[PDB]
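Below is one structure, written out as structure tokens, with a few remarks after it.
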Amino acid sequence: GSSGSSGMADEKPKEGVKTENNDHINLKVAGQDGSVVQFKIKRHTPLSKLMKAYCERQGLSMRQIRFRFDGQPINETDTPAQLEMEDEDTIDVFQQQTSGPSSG
């Protein structure tokens with residue numbers, strides 16, 4: 186009967202925990218037309234977590250967006266230590282404007 190519907194009522198409702206220690210690196214992600222998002226992770230940790238968080242924050246999808254480092258395609262699997270990610274670095278990302286029909 187030409188029926189249909191949609192929900193997807195999930196804005197990535199979750200939190201995280203870290204430790205107090207200057208043994209981590211922060212990277213400035215650029216995407217918005219005037220907004221930078223920082224991220225504190227370990228040198229032996231897969232960006233996977235970092236990226237994922239970058240999405241939930243803006244409520245976007247990993248696919249919709251893309252990450253990069255020094256003009257190169259990075260994979261969540263890869264680590265910040267492999268690319269020699271120094272302290273106070275900057276990540277490359279493209280934030281596209283795609284409004285959604287459903288709300289959180």
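Under the working numbering, think of the first position of the sequence shown as 186, with each following residue one higher.
Built from N, CA and C at the ideal position, the CB exists for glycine as well.
Roughly how many angstroms lie between the CA atoms of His209 and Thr264, to the nearest whole one?
Taking the straight line from one Cα to the other gives about 13 angstroms.
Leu268 and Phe279 - do their beta-carbons sit closer together than 8 angstroms?
no
Using the DSSP secondary-structure output, state which residues sit across from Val222 in a beta bridge.
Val214
Is it buried or exposed for residue 345, if we count other Cβ within 10 angstroms and need 16 for buried?
No answer is possible for residue 345: the residues shown for the chain start at 186 and end at 289.
Measure the Cβ-Cβ separation of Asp274 and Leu212 and say whether it is below 8 angstroms.
In contact: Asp274 and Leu212 (Cβ atoms closer than 8 angstroms).
Strand pairing of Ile276, partner residues [DSSP]
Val214
Going by the DSSP bridge assignment, what does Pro258 pair with across the sheet?
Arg253
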